[PDB]
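Let me begin by presenting the structure, written as C-alpha cells, before commenting on it.
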Amino acid sequence: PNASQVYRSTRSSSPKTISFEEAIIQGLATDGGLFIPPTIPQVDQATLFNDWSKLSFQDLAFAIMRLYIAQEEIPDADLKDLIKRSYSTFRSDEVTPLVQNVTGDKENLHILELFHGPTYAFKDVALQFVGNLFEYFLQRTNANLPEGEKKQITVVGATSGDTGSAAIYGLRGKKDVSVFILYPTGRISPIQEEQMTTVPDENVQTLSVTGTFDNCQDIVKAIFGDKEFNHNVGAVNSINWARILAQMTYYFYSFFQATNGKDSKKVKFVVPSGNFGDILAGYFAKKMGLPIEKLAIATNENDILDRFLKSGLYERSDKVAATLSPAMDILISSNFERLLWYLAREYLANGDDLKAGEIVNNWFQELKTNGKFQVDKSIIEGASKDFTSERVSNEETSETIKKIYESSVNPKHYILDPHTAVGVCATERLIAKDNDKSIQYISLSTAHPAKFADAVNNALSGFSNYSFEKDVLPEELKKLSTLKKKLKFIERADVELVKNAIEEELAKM
Ligand SMILES: *Cc1c(COP(=O)(O)O)cnc(C)c1O
C-alpha cells in the first residue's frame with residue numbers, strides 16, 4: 001500500500017495508520033474521528049483526458065478505487081466484480097446519466113441524475129457498493145471459520161424517512177449480515193415505508209417503534225452503546241470511507257460527459273449538501289487532478305455550513321428548521337470534519353499529519369462543550385479556494401421546482417425533487433453572478449421526484465397539465481402500495497423490547 005491506500009483518524013496523533021479493510025469495517029475511529037488517506041492520490045492531466053475520459057462509470061470506479069485500495073487488500077478481479085454487481089441494479093445504462101442543457105442553450109445547466117438506483121435516491125451509489133464490500137470482507141474472514149463459529153454482523157439503526165431504504169437495499173440478501181431498522185410509526189410517509197417493508201429478503205426486518213424519531217435515536221443508541229450486547233453489531237453510518245470513495249466516480253464521469261468534444265473544459269459542480277460526504281467526494285476528485293471550478297455547497301435553511309464558510313464559526317443550532325428538503329435538515333455536517341483535517345494540515349500544521357489530528361480533535365472537543373468553535377482566518381481562506389456556498393429558503397426551493405418546470409427545454413416539463421431544487425436554485429444564482437456562461441454547470445439530482453410528492457405537487461398544482469401519477473410516479477414504484485408489507489410494531493420505546501425483537505431472527509436470518 002502507498003500513502004493513498006493507508007488510513008488514519010482525523011483525530012489521531014499517532015504515527016500508526018490502518019488498512020482500507022480495517023477503516024471500512026471499523027467505520028468510525030476508536031477516538032471518534034473519521035478515516036482518511038493521509039495522501040490524496042495524484043492523477044495527471046494526460047491520463048485524465050487520454051485514458052479516463054473514455055471510460056464508463058464502472059471502469060472509472062475501478063481506476064479511481066485502485067488508487068485508494070491496495071491490490072493486496074482487494075485483487076483486480078474481485079474489485080471489478082464488486083463494482084459490476086454494485087451498479088448492475090441501476091436502471092440507467094450509464095449508472096449516473098448527465099442530462100445536459102435542460103434549460104436550453106442560453107446557459108449550460110446540466111442535471112446529473114443520481115437516482116437511477118434501487119431506491120430512487122442518490123445514496124444507492126454508496127450503499128450498494130459498501131454493502132457488497134461488507135459481504136466481501138466478512139466472507140473472506142469466515143472463509144476460514146468452520147461453518148460454525150463463523151462471525152455474523154447485524155446492522156441496526158433508525159430512519160426518519162428515506163435514509164434507511166438505501167441501507168436496506170445495499171444489505172438485503174448479503175451473506176451473514178442482517179439489518180434491523182427502527183422508525184417512528186405514522187411518522188414515515190407511505191412510499192418510504194413501502195420501500196423498506198416490501199423487500200422480500202430475510203436478513204432484513206424493520207421495527208415500527210411507537211413513539212418519535214428523536215425517540216428512536218435513543219431506543220437504538222442504547223442497543224448501540226451495548227450491554228451484554230457484544231454478537232457483532234453493525235452500524236448505520238454516513239461517515240464510512242467507502243461512502244466517500246464510491247461517490248467520487250460520478251464527478252469524474254459527468255465532468256467528461258460535460259466536456260468531451262466541447263471546447264469549454266470549465267465545469268462547476270453545485271451540490272445540495274447535508275453531511276458533506278457527497279461534495280467532499282468532489283473535493284477529493286478536485287485534489288486528485290480534476291480541473292474544476294470551486295465546489296458549490298447548496299444548503300437549505302439548516303445552514304451550519306454556509307455560516308461557517310462565511311465566518312469561520314462552526315456553531316450548532318438549537319432548532320432543526322423544517323424544510324422542503326428534509327434529507328439535508330441537519331445540525332452538524334458529519335463529514336465536514338474530514339475537510340477540516342486537510343485544511344488544518346495545510347494551514348496550521350505545516351504538513352504535520354499528527355499536529356493536524358491534535359488540532360481537529362481539540363476543535364470537535366470545543367464543540368462538545370461550547371457547541372461552537374472558531375477557526376483561524378487561514379482556515380476559511382483556505383476553504384474558499386475550493387468552496388463556495390448558497391443558502392436556499394423553502395420559498396425559493398418551491399419556486400425553483402416551478403421555474404424549471406416551465407423553463408425546461410431538454411426535456412420539456414422537467415420535474416425536480418426539492419433537494420435537487422435547492423441545488424438548481426444555487427446553480428442558477430451562480431450562473432447569474434459568475435459572468436461566464438461558457439462554464440458547464442452540473443447540478444446534482446439526489447432524489448427522484450416521486451420520493452417527495454408533497455413538495456412537487458404543491459409547487460406544480462398551478463398547472464393544468466401536471467399529474468403526479470402521469471408525469472412522476474414510476475411504474476415500478478406504483479406496485480409498492482400493492483405488495484405485501486413485512487411490518488413488526490414495537491409499542492412504547494422499550495429498549496428492552498427492541499432487543500427482544502432483534503433476537504427473533506428465527507435462527508435462520
Ligand atoms: C442524504 C441526502 C442528501 C445529503 O447528502 P450528504 O452526503 O449528506 O451531503 C441530499 N439529498 C437526498 C435526497 C439525500 O437522501
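Given the stretch 393-490, what helices (runs of 4 or more DSSP H) lie entirely inside it while holding 2 or more residues that are in contact with a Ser or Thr (Cβ under 9 Å, 6 or more places away or on another chain) and within 16 Å of the ligand (Cβ to nearest atom)?
Ranges flagged: 394-407, 418-434, 453-460.
Contact list please: Cβ distance under 6 Å, first residue in the stretch 231-247 and at negative phi, second residue of a type in the set (D, E, K, R) and part of a helix (DSSP H, G or I), pairs at least six apart or on different chains.
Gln247/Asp278
Out of the residues in the stretch 324-346 that are hydroxyl-bearing (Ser, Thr, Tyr) and within 10 Å of the ligand (Cβ to nearest atom), which is farthest from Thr39 (Cα to Cα)?
Residues of the stretch 324-346 that are hydroxyl-bearing (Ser, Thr, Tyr), as a first pass: 325, 333-334, 342.
After this cut, where a residue has to be within 10 Å of the ligand (Cβ to nearest atom) as well, the list is 325, 333-334.
Numbers: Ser325: 34, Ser333: 23, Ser334: 21 Å.
Looking at residues that are hydroxyl-bearing (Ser, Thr, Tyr) and within 10 Å of the ligand (Cβ to nearest atom), I get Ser325.
Does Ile168 satisfy being within 16 Å of the ligand (Cβ to nearest atom), outside any helix (DSSP H, G or I) and at negative phi?
Values: within 16 Å of the ligand (Cβ to nearest atom): yes; outside any helix (DSSP H, G or I): no; at negative phi: yes.
For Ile168, the condition - within 16 Å of the ligand (Cβ to nearest atom), outside any helix (DSSP H, G or I) and at negative phi - is not met.
Looking at the stretch 17-24, can you tell me whether even one residue there is among the acidic types (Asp, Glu), in a loop (DSSP other than H, G, I, E, B), under 30 Å from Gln152 (Cα atoms) and touching a helix residue (DSSP H, G or I) at 6+ places or on another chain (Cβ under 7 Å)?
Step one: of the stretch 17-24, the residues among the acidic types (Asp, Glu) are 21-22.
Filter once more, keeping what is in a loop (DSSP other than H, G, I, E, B): none.
For the stretch 17-24, residues among the acidic types (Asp, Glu), in a loop (DSSP other than H, G, I, E, B), under 30 Å from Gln152 (Cα atoms) and touching a helix residue (DSSP H, G or I) at 6+ places or on another chain (Cβ under 7 Å): absent.
Table: residues versus (1) in contact with a strand residue (DSSP E or B) (Cβ under 7 Å, 6 or more places away or on another chain); (2) of a type outside the set (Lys, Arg); (3) in the same structural domain as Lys488 (by CATH); (4) closer than 21 Å to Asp494 by Cβ.
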{"residue": "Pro184", "(1), (2), (3), (4)": "yes, yes, yes, yes"}
{"residue": "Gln192", "(1), (2), (3), (4)": "no, yes, yes, no"}
{"residue": "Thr197", "(1), (2), (3), (4)": "yes, yes, yes, yes"}
{"residue": "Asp201", "(1), (2), (3), (4)": "no, yes, yes, no"}
{"residue": "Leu207", "(1), (2), (3), (4)": "yes, yes, yes, yes"}
{"residue": "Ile223", "(1), (2), (3), (4)": "yes, yes, yes, yes"}
{"residue": "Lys227", "(1), (2), (3), (4)": "no, no, yes, yes"}
{"residue": "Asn232", "(1), (2), (3), (4)": "yes, yes, yes, no"}
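So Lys151 fits all but one of (1) buried (at least 24 other Cβ atoms within 10 Å of the Cβ); (2) part of a loop (DSSP other than H, G, I, E, B); what number is the exception?
(1)
Part of a helix (DSSP H, G or I), touching a strand residue (DSSP E or B) at 6+ places or on another chain (Cβ under 8 Å) and away from the ligand (no atom under 16 Å from the Cβ): is that true of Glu366 in this structure? Give the derivation first.
Details: part of a helix (DSSP H, G or I): yes; touching a strand residue (DSSP E or B) at 6+ places or on another chain (Cβ under 8 Å): yes; away from the ligand (no atom under 16 Å from the Cβ): yes.
For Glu366, the condition - part of a helix (DSSP H, G or I), touching a strand residue (DSSP E or B) at 6+ places or on another chain (Cβ under 8 Å) and away from the ligand (no atom under 16 Å from the Cβ) - is met.
Tell me, please, whether a residue that is in the same structural domain as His419 (by CATH), within 30 Å of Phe452 (Cβ to Cβ) and in a helix (DSSP H, G or I) can be found in the stretch 374-387.
no
Test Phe252 against the stated conditions and say whether it is within 16 Å of the ligand (Cβ to nearest atom) and not assigned by CATH to the domain that holds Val43.
no
Give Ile223, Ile181, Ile239 a once-over and let me know the one that is among the aliphatic types (A, V, I, L, M), in contact with an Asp or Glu (Cβ under 9 Å, 6 or more places away or on another chain) and either away from the ligand (no atom under 16 Å from the Cβ) or not in a helix (DSSP H, G or I) (or both). Outline the logic, then answer.
Values: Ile223 fails: in contact with an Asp or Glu (Cβ under 9 Å, 6 or more places away or on another chain); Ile181 fails: in contact with an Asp or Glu (Cβ under 9 Å, 6 or more places away or on another chain).
Answer to the selection: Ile239.
Counting only residues that are surrounded by fewer than 24 Cβ atoms within 10 Å (Cβ to Cβ) and more than 17 Å from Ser86 (Cβ to Cβ), how many does the stretch 159-179 have?
Residues of the stretch 159-179 surrounded by fewer than 24 Cβ atoms within 10 Å (Cβ to Cβ): 160-163, 172-178.
Adding the requirement that they be more than 17 Å from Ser86 (Cβ to Cβ) leaves 160-163, 176, 178.
Looking only at that region, the number is 6.
Starting from residues that are within 16 Å of the ligand (Cβ to nearest atom) and not charged (D, E, K, R), keep the ones in the stretch 132-164 and report whichever is nearest to the chain's Cα centre (by Cα). Walk me through how you get there before you give the answer.
Of the residues in the stretch 132-164, the ones within 16 Å of the ligand (Cβ to nearest atom) are 157-164.
Checking which are not charged (D, E, K, R) leaves us with 157-161, 163-164.
Working: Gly157: 16, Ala158: 16, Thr159: 15, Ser160: 16, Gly161: 15, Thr163: 9, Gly164: 12 Å.
The selected residue is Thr163.
Looking only at the stretch 405-417, how many residues end up being out of contact with any strand residue (DSSP E or B) (no Cβ under 8 Å at 6 or more places or on another chain) and either crowded, with 24+ Cβ neighbours inside 10 Å or closer than 18 Å to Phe122 by Cβ (or both)?
1
Filter the stretch 259-273 down to the residues that are of a type outside the set (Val, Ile, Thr) and surrounded by 24 or more Cβ atoms within 10 Å (Cβ to Cβ), then identify the one that is farthest from the ligand (Cβ to nearest atom). Walk me through it before giving the result.
Keep residues of the stretch 259-273 that are of a type outside the set (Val, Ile, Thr), which gives 260-266, 268-269, 272-273.
If we keep only those that are surrounded by 24 or more Cβ atoms within 10 Å (Cβ to Cβ) too, we end up with 269, 272-273.
Values: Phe269: 13, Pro272: 5, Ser273: 4 Å.
Of everything passing the filter in the stretch 259-273, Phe269 is farthest from the ligand (Cβ to nearest atom).
Say whether the condition of being within 30 Å of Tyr250 (Cα to Cα) and loosely packed, with under 15 Cβ neighbours inside 10 Å is met by at least one residue in the stretch 492-508. Before the answer, list the steps.
Taking the stretch 492-508 as the starting set, the residues that turn out to be within 30 Å of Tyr250 (Cα to Cα) are none.
The answer is no, given that none of the residues of the stretch 492-508 is within 30 Å of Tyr250 (Cα to Cα) and loosely packed, with under 15 Cβ neighbours inside 10 Å.
Taking the conditions exactly as written (touching a helix residue (DSSP H, G or I) at 6+ places or on another chain (Cβ under 9 Å) and basic (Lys, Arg)), does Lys287 satisfy them or not? If you could, list the steps in order and put the result at the bottom.
Numbers: touching a helix residue (DSSP H, G or I) at 6+ places or on another chain (Cβ under 9 Å): yes; basic (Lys, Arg): yes.
The answer is yes for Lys287.
I need a count of the residues in the stretch 98-131 that are touching a strand residue (DSSP E or B) at 6+ places or on another chain (Cβ under 9 Å), more than 16 Å from the ligand (Cβ to nearest atom) and either small (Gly, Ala, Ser) or in a loop (DSSP other than H, G, I, E, B) (or both).
Count: 7.
Which ones in the stretch 16-65 are loosely packed, with under 15 Cβ neighbours inside 10 Å, among the hydrophobic types (A, V, I, L, M, F, W, C) and in contact with an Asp or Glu (Cβ under 9 Å, 6 or more places away or on another chain)?
If the condition is that a residue be loosely packed, with under 15 Cβ neighbours inside 10 Å, among the hydrophobic types (A, V, I, L, M, F, W, C) and in contact with an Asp or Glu (Cβ under 9 Å, 6 or more places away or on another chain), then no residue fits.
All of this is worked out from the model, or read from it or from the source named; these are not laboratory values. FYI the Cβ positions are ideal-geometry reconstructions off the backbone, even for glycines, and counts take in every protein chain you see.
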